[PDB]
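All remarks here apply to the structure that follows.
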Number of protein chains: 2
Amino acid sequence: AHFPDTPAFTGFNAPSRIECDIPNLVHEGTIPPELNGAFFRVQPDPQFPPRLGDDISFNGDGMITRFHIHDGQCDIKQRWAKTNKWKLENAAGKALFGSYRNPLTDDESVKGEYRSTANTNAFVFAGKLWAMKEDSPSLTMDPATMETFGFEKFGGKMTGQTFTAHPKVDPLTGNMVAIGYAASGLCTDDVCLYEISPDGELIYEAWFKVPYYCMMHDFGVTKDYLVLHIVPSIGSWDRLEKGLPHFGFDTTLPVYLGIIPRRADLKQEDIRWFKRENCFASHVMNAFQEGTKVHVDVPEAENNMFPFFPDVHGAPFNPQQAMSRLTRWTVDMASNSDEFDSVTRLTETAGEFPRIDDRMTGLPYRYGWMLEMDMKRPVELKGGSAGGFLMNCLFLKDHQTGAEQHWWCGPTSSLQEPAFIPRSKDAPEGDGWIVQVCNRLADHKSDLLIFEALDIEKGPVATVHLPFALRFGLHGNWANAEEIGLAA
Amino acid sequence: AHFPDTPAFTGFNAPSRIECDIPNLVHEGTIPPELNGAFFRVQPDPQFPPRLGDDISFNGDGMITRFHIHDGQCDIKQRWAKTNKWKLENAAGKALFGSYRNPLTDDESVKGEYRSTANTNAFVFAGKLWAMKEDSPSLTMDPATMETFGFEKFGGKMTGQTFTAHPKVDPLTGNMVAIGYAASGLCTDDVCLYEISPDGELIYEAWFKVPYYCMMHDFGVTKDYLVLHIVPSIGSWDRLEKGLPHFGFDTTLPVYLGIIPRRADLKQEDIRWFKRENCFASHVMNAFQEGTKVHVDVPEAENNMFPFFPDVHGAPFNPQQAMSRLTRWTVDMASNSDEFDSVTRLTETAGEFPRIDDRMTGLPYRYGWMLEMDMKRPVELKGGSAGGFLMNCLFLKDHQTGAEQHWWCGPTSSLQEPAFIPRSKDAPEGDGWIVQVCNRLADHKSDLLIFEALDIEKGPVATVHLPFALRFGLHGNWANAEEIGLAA
Ligand SMILES: COc1cc(/C=C/c2cc(/C=C/C(=O)O)cc(OC)c2O)ccc1O
Ligand SMILES: COc1cc(/C=C/c2cc(/C=C/C(=O)O)cc(OC)c2O)ccc1O
Ligand SMILES: [Co+2]
Ligand SMILES: [Co+2]
Ligand SMILES: [Co+2]
Ligand SMILES: [Co+2]
Ligand SMILES: [Co+2]
Ligand SMILES: [Co+2]
Ligand SMILES: [Co+2]
Ligand SMILES: [Co+2]
Ligand SMILES: [Co+2]
Ligand SMILES: [Co+2]
Ligand SMILES: [Mg+2]
Ligand SMILES: [Mg+2]
């Protein structure tokens, strides 16, 4: 393959495309014998060179990595998420779909097809592996063989065109709660709220509209509500016609927080929209209710975090203003005005990729983990981030005491998103382990790190070496072996 | 897996164990559209940590790499050679066989089993891939799927216990010509000469004895003769009982060259043994007859080239004396004495891993390629050699004119054995391409280089990037697609 000599395709961003199997990876330390299951994660990784001769990181085909941990060892299986895009391009031997979220640039032969790269999450639910991309229905895969099933349209009961890559599982019911924005077509203001039974059946789909079309990448869920931030990374057909990146950030638009009832009978009039001054937030650590209030914890930045989705008025990217810090947004459903009740920074550590013990989804909670950008640490090698942030620490916040733990990966490495592994179904919050990929940039390889989740400062208890490098990853999740067809 | 923190298992020698598939590897330059076939090569690569807690490079399980070149692209498939050792250890989840060529160190449960790691050659013949190790019958594999068949004992017609990893194909008949030393048991002085029909049937097996048991790793073949050098890397059960490496070099023993008729009716009295002063040679570039003389071209060193098979009298390894230079040994079958007719250095370039256009096997020939150790070149990174030689150039010798070509891989790389690809069955000698793996040590990855075989100084015409590193390799070979079940 002849790939471009551009940053999106060179160095740490060289295409990999490895499908492989390796049991019993070389490792150091002690892999807890308690562990029996697998950590799935996804990297964008281009099957073919881009039609345009350049592209962005977020547009690579999804490659799924599974780390099966069992018997004190770690195995890897890596396979493509075989989206319709992947299959059509594989058959043609070339790229057919064009630039990011831009159907104007697709070959005529794929007009109307799902454009998904299934590249943003590798999530386990209802016995399936979900390889997810927010512009289409999710792909599903067999979590044991990692063969691909196809797109999940729930027996035709789903009528929205899209499905999120940030599904939540409600611990009270076991339902998956999801959204799909641009639900009636590209750049539309329609959104669907979906709930899916533990057995994989669509329970309901509820339609509503948002203040403006924007990247609705993540969201929170509480007992009663979908908690949907409206942040002005905006797109339009006009941008696409002009050849601009689909999304661009508008510093002049307000940010909203929508509180949408989790009800099949939802009507637009049931929604409350709270409004605040412009800022940027993407991911949600968790949301929960307290009395008539809703709290959602997000890494908030002063301005855009996506340099490749630039300021719509032509401003150069501002890295300092892109530093996000975990912040609690509180709204009161009983409040008279549309103002937020409070906005409260929860840490001065800058960070992103927030995670919780997912048993606490929607509930008051004590612990959160993040990737931290610690700009005071030495750096001899940089890499691993699509936007150029160096994620060099694992951070744990204790909301009860305020305490913070930090673990730095050293001066030639960077880190990928952590994932929490509960010790058992009924173990206390945070009792378990954290796993995450570490980019060993000087060695051009990756490790899987395993930490005791509440004692990270001493470093990982096991380090699993991969004999090759993973690419930049997005989201990942642990599932116990019995949830994924792997051995007891 | 917990592997030792010793040189045989760290850095460039970290275990890899990658089984993978990647079509359409990222590449630069122009892969000749003429190419349609595959280059196979093998790396020792330990499935499990060694029983003893340390080991040598030559003892790793064979991992077979196939580079399928077709349609101007290169694909990789990598799979284990599933020897009986591999299978038994895989089932047990641990190492069962011990140190190199030392059955005293095996678990009792594998007493009597073939100890082969099939780690020394990946050779194509009779529609099969042969994964070869000189202590056992060869393993065979499907060259298209790379599944393993098992050990080839030729329908029970083979009675020797061993089979070489340096098979030759006689261009006059298409037969494979092979030896098997230690043919009646470990450290025995019995050797078999085998010829195998193009259809894979054993034609004959002829037994003889050699002056002393030693590592009979390679040999030459001519129209009439097996040409067998006897070089005193010697082994014994006494060494094994003392816990010494199986082989050690004895500077006090003579070197012989045996000229053994290629005849099923061979008797010991038919063999001529020529004798010379001690030296070291391992590989054979080619051998051929001229009148009543036999010529064989070998990289000759003053002393041992294997530091891990040390001097038997306790001398420290001498790297300067380990420098080998291609040298023609000539004996005359009509000569009265046992002296060689001539010993003539053919180049002052130090090098090893000699290769020819294999259509010239046994014939007078013009071209030879080697890996050169050019000690005058700068080196910022070292790696890639089991004995510590830096193989940093590709070298071509023209025996007609004397001319030499050199291509240096640069200061952070090293090279693996080249292999010649003929343009067509009837093309002139040397008309075709050279392929070889290049270790990009600073990048912790490997490339496959493709050269115009007689114009190497301009560098490779294509560079195929692998997104991971291969380990040190031994021998490899190209086969056309129609010889290996791959597409026309
Ligand atoms: C893969 O495709 C999509 C991805 C996403 C989101 C990715 C994401 C990435 C980062 C990277 C940080 C670093 O590298 O330091 C940060 C974020 O929030 C601040 C993000 O929301 C959105 C649409 C896609 O189509
Ligand atoms: C894999 O197992 C076996 C291998 C061989 C031979 C390997 C070989 C290696 C080198 C390496 C050079 C470097 O690294 O620079 C040089 C040689 O001749 C001078 C050799 O004959 C022999 C027995 C085995 O059991
Ligand atoms: Co996300
Ligand atoms: Co404006
Ligand atoms: Co920190
Ligand atoms: Co590592
Ligand atoms: Co679980
Ligand atoms: Co050899
Ligand atoms: Co002696
Ligand atoms: Co040279
Ligand atoms: Co490369
Ligand atoms: Co051929
Ligand atoms: Mg269904
Ligand atoms: Mg047979």
Selection within region B:422-480 - closer than 29 Å to A:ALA14 by Cβ and of a type in the set (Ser, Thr, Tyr): B:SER446, B:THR463
Region B:87-104, residues that are without any contact (Cβ under 8 Å) to a residue 60 or more places away in the chain and assigned to a helix (DSSP H, G or I): B:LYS87, B:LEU88, B:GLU89, B:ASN90, B:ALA91, B:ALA92
Criterion violated by A:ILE76 - all others in (1) more than 10 Å from chain B (Cβ to nearest Cβ); (2) under 22 Å from A:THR140 (Cβ atoms); (3) touching a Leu at 6+ places or on another chain (Cβ under 8 Å) satisfied: (1)
Over region A:385-424, the set of residues away from ligand 3 (no atom under 16 Å from the Cβ), part of a loop (DSSP other than H, G, I, E, B) and touching a residue at least 24 places away in the same chain (Cβ under 8 Å) is A:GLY388, A:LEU390, A:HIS399, A:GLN400, A:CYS409, A:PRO411, A:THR412, A:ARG423
Taking the residues in region A:421-437 that are buried (at least 22 other Cβ atoms within 10 Å of the Cβ) and among the hydrophobic types (A, V, I, L, M, F, W, C) as candidates, determine which candidate is farthest from A:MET360 (Cα to Cα). A:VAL437
Being more than 18 Å from the chain's Cα centre (by Cα), among the acidic types (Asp, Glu) and assigned to a loop (DSSP other than H, G, I, E, B) is the requirement here; does A:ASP199 meet it? yes
Checking A:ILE69, A:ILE64 in turn, the sole residue that is within 14 Å of chain B (Cβ to nearest Cβ), hydrophobic (A, V, I, L, M, F, W, C) and touching a residue at least 24 places away in the same chain (Cβ under 8 Å) turns out to be A:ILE69
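Restricting to region A:296-316, name every residue that is part of a loop (DSSP other than H, G, I, E, B) and of a type in the set (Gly, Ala, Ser).
Within region A:296-316, the first condition is being part of a loop (DSSP other than H, G, I, E, B), and the residues that meet it are A:302-310, A:312-316.
A:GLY314, A:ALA315, listed by residue number.
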Flagged pairs (Cβ under 8 angstrom, 6 or more apart or on separate chains; first in region A:311-334, farther than 25 Å from A:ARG272 by Cβ; second of a type in the set (A, V, I, L, M, F, W, C) and within 16 Å of ligand 4 (Cβ to nearest atom)) are A:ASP311/A:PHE249; A:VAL312/A:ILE234; A:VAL312/A:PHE249
Please work out which one of (1) within 21 Å of B:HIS246 (Cβ to Cβ); (2) touching a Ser or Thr at 6+ places or on another chain (Cβ under 7 Å) is the condition B:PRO316 fails and give its number. (2)
Region B:143-159 residues that are within 18 Å of B:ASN84 (Cβ to Cβ) and without any contact (Cβ under 8 Å) to a residue 24 or more places away in the chain, paired with ones that are in a loop (DSSP other than H, G, I, E, B) and within 16 Å of ligand 4 (Cβ to nearest atom) (beta carbon under 7 Å, 6 or more apart): none
Please pick out the residue among A:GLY60, A:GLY72, A:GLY53 that is of a type in the set (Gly, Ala, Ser) and farther than 21 Å from A:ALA1 by Cβ. A:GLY72
I'm trying to understand the selection: among the residues of region B:65-101, which are closer than 30 Å to A:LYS94 by Cβ and not basic (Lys, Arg)? B:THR65, B:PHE67, B:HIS68, B:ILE69, B:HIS70, B:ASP71, B:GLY72, B:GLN73, B:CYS74, B:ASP75, B:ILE76, B:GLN78
Search region B:77-107 for residues being of a type in the set (A, V, I, L, M) and surrounded by fewer than 23 Cβ atoms within 10 Å (Cβ to Cβ), and hand back the single one that is farthest from ligand 6 (Cβ to nearest atom). B:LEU104
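Evaluate the following for A:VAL42: is it of a type outside the set (S, T, N, Q) and in contact (Cβ under 8 Å) with a residue 60 or more places away in the chain?
Values: of a type outside the set (S, T, N, Q): yes; in contact (Cβ under 8 Å) with a residue 60 or more places away in the chain: yes.
Yes, satisfied.
Results for (1) within 16 Å of ligand 9 (Cβ to nearest atom); (2) within 30 Å of B:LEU52 (Cβ to Cβ), shown as yes or no for each residue.
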| residue | (1), (2) |
| --- | --- |
| B:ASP199 | no, no |
| B:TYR212 | yes, yes |
| B:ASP218 | no, yes |
| B:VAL221 | no, no |
| B:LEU228 | no, no |
| B:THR251 | yes, yes |
| B:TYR256 | no, no |
| B:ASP265 | no, no |
| B:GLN268 | no, no |
Flagged in region A:25-56 as charged (D, E, K, R), within 14 Å of another protein chain (Cβ to nearest Cβ) and within 22 Å of the chain's Cα centre (by Cα), in numbering order, are A:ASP45
Please determine whether any residue of region A:166-178 is farther than 18 Å from A:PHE40 by Cα, outside any helix (DSSP H, G or I), among the β-branched types (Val, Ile, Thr) and away from ligand 1 (no atom under 16 Å from the Cβ). yes
Are any of the residues in region B:205-227 surrounded by fewer than 21 Cβ atoms within 10 Å (Cβ to Cβ) and within 16 Å of ligand 14 (Cβ to nearest atom)? yes
Among the residues of region B:260-285, which ones are crowded, with 16+ Cβ neighbours inside 10 Å, of a type outside the set (A, V, I, L, M) and over 25 Å from the mean Cα position of the chain (by Cα)? B:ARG272
Please pick out the residue among B:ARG359, B:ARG377 that is among the charged types (D, E, K, R), closer than 28 Å to B:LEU172 by Cβ, away from ligand 14 (no atom under 16 Å from the Cβ) and not in a strand (DSSP E or B). B:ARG359
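Which residue out of B:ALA91, B:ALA118 is among the hydrophobic types (A, V, I, L, M, F, W, C) and under 14 Å from B:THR148 (Cα atoms)? If you could, list the steps in order and put the result at the bottom.
Numbers: B:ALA91 fails: under 14 Å from B:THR148 (Cα atoms).
Residue meeting the stated conditions: B:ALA118.
Could you please find all residues in region A:8-24 being more than 7 Å from chain B (Cβ to nearest Cβ), surrounded by 15 or more Cβ atoms within 10 Å (Cβ to Cβ) and of a type outside the set (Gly, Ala, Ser)? Break it down into steps so the answer makes sense when it comes.
At the first step, the residues of region A:8-24 found to be more than 7 Å from chain B (Cβ to nearest Cβ) are A:8-13, A:23.
Then drop every residue that is not surrounded by 15 or more Cβ atoms within 10 Å (Cβ to Cβ), which leaves A:8-9, A:12-13, A:23.
Correct list: A:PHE9, A:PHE12, A:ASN13, A:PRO23.
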Could you list all residues from region B:32-46 that are surrounded by fewer than 22 Cβ atoms within 10 Å (Cβ to Cβ) and part of a loop (DSSP other than H, G, I, E, B)? B:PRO32, B:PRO33, B:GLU34, B:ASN36
Being within 22 Å of the chain's Cα centre (by Cα), part of a strand (DSSP E or B) and crowded, with 22+ Cβ neighbours inside 10 Å, is that true of even one residue in region B:327-346? yes
Subset of region B:224-257, residues of a type outside the set (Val, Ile, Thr) and more than 30 Å from B:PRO316 (Cα to Cα), comes to B:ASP224, B:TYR225, B:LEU226
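Among what's in region A:363-404 and is of a type in the set (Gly, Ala, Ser) and farther than 30 Å from A:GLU290 by Cα, pick the residue that is farthest from ligand 11 (Cβ to nearest atom).
The initial filter retains those residues of region A:363-404 that are of a type in the set (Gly, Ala, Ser), namely A:368, A:383-388, A:402-403.
Retained after the next criterion (residues that are farther than 30 Å from A:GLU290 by Cα): A:383-388.
On the way: A:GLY383: 17, A:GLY384: 19, A:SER385: 23, A:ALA386: 22, A:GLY387: 26, A:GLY388: 24 Å.
Per the criteria, the residue is A:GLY387.
All Cβ positions, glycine included, derive from the backbone under ideal geometry; neighbour counts span all protein chains shown. Every number in this text was worked out from the coordinates using simple rules, so none of it is lab data.
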